[PDB]
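*Asks:* fold the following, please.
(one chain, ligands or ions: 9)
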Amino acid sequence: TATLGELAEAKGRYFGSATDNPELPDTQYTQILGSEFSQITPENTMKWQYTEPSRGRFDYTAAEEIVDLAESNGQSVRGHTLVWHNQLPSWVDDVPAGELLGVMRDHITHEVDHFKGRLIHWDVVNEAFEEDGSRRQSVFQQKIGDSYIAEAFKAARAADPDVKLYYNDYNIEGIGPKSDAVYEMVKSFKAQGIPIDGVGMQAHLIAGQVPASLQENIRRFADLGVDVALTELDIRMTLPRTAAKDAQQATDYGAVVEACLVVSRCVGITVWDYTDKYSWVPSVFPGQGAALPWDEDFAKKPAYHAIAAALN
Ligand SMILES: O[C@@H]1[C@@H](O)[C@H](O[C@@H]2CO[C@@H](O)[C@H](O)[C@H]2O)OC[C@H]1O
Ligand SMILES: O[C@@H]1[C@@H](O)[C@H](O[C@@H]2CO[C@@H](O)[C@H](O)[C@H]2O)OC[C@H]1O
Ligand SMILES: [Zn+2]
Ligand SMILES: [Zn+2]
Ligand SMILES: [Zn+2]
Ligand SMILES: [Zn+2]
Ligand SMILES: [Zn+2]
Ligand SMILES: [Zn+2]
Ligand SMILES: [Zn+2]
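*Replies:* Numbers count the residues shown, from 1 in each chain. Ligands and ions are numbered 1, 2, ... in the order given. Sure, the structure comes next:
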């Protein structure tokens with residue numbers, strides 16, 4: 001009957017999926033992508049390695065294809081991601097330290113300006129913290145210093161006054177050292193007038209290990225004056241699949257969805273793609289996989305039932 005996107009929208013939220021250009025030829029895949037979800041996130045082609053492959057020369061070719069596709073289906077789009085230590089073209093490291101801030105600002109200005117009025121959110125800075133809450137020592141942190149994050153958000157806001165600006169990261173679903181650091185940063189930004197509208201919890205989880213403090217963590221951020229979104233949701237398991245593992249995964253998805261629906265400022269959920277067929281998990285986590293609601297043959301898993309039930 002009703003799709004996840006329609007059920008979510010009925011409750012003032014979106015339910016989307018990320019997708020990548022190489023997947024679009026798969027007709028069965030795109031059919032579900034366009035009808036089941038209300039929001040889309042470019043999995044890769046909006047990243048620095050693609051949009052500014054050589055200094056000062058921008059390329060939005062691939063990203064454009066995804067945005068148009070979403071627009072064709074009446075789906076909103078989240079920009080992802082402007083500043084990140086990964087998938088960064090090699091020339092960025094060669095930029096003289098004293099010039100990096102200008103370069104980062106420029107990269108942000110061109111990409112944000114280019115998609116102005118077409119996206120709902122922008123993951124401005126991605127994965128800036130270590131698990132212990134300290135700053136990740138990326139090229140930006142090292143050469144620009146602690147203010148690089150704030151400067152990135154300022155630059156984004158200056159290029160597009162209406163798009164929601166998000167700080168995105170993983171392992172910040174539960175209350176702990178990492179989410180605490182993000183919490184303090186957001187608190188600091190609001191105090192100093194640094195633009196920031198939301199926190200993106202990637203939610204790359206492990207079946208059976210969903211943080212019990214998830215709901216409370218989402219709420220404390222909401223109380224700070226920012227929205228929250230689960231941006232790259234997947235719940236991986238150690239292969240092979242079993243009815244028991246599938247069932248645990250279903251319970252987990254249901255719990256995650258309920259946690260969001262309980263908090264007024266949790267605006268939506270995006271799964272990092274929706275079918276195991278194209279999940280990034282097997283590639284990065286050896287021996288793990290089957291992390292999405294649809295399996296490799298597009299069969300809806302028990303996890304889908306749980307999500308739909310939670311959305312009601
Ligand atoms: O490159 C990053 C991955 O290393 C990261 O994987 C996180 C590692 O800790 C696990 O507990 C998390 O579940 C897992 O997602 O994900 C983000 C990616 O950019
Ligand atoms: O295909 C892979 C992408 O799905 C992957 O996306 C990253 C996963 O970790 C998250 O923390 C990042 O925000 C997200 O962009 O990047 C690697 C690519 O090979
Ligand atoms: Zn994909
Ligand atoms: Zn090109
Ligand atoms: Zn276009
Ligand atoms: Zn342009
Ligand atoms: Zn704490
Ligand atoms: Zn199957
Ligand atoms: Zn069912």
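*Asks:* hey, C-alpha coordinates of the helix or strand that contains residue 252 in CSV?
*Replies:* If you go by DSSP states H and E, residue 252 is part of helix 243-262. The C-alpha trace of helix 243-262 is given here as CSV (Å, rounded to 0.1, in the frame of the first residue of the first chain):
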residue,chain,number,x,y,z
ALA,A,243,16.2,-15.8,10.4
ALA,A,244,17.4,-14.8,13.9
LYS,A,245,19.8,-12.1,12.6
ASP,A,246,17.2,-10.8,10.2
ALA,A,247,14.8,-10.6,13.1
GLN,A,248,17.2,-8.8,15.3
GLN,A,249,18.0,-6.4,12.4
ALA,A,250,14.2,-5.7,12.1
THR,A,251,13.8,-4.9,15.8
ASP,A,252,16.8,-2.6,15.5
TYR,A,253,15.4,-0.7,12.5
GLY,A,254,12.1,-0.3,14.3
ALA,A,255,13.7,1.1,17.4
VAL,A,256,15.8,3.6,15.4
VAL,A,257,12.7,4.8,13.4
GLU,A,258,10.7,5.1,16.6
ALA,A,259,13.4,7.1,18.3
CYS,A,260,13.3,9.7,15.5
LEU,A,261,9.5,9.9,15.4
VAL,A,262,9.4,10.6,19.1
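*Asks:* quick one: list the elements packing against it.
*Replies:* Under the contact definition 3 or more CB pairs under 8 Å, 6 or more residues apart in numbering; DSSP states H and E, helix 243-262 sits against helix 214-222, strand 227-238, strand 266-271, helix 302-311. C-beta: built from backbone N, CA, C; applies to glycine.
*Asks:* what about the helices in the stretch 51-200 of the chain?
*Replies:* Along the stretch 51-200 of the chain, the stretches classed as helices by DSSP state H, counting those that start in this stretch are 61-72, 91-94, 97-114, 139-144, 148-159, 177-192.
*Asks:* out of the ones you listed, nearest to ligand 5?
*Replies:* helix 61-72 (4.2 Å; CB to the ion).
*Asks:* which bits of this structure sit near ligand 2?
*Replies:* 43-44, 81, 126-127, 170, 202, 232, 272, 280 (CB under 6 Å from any ligand atom).
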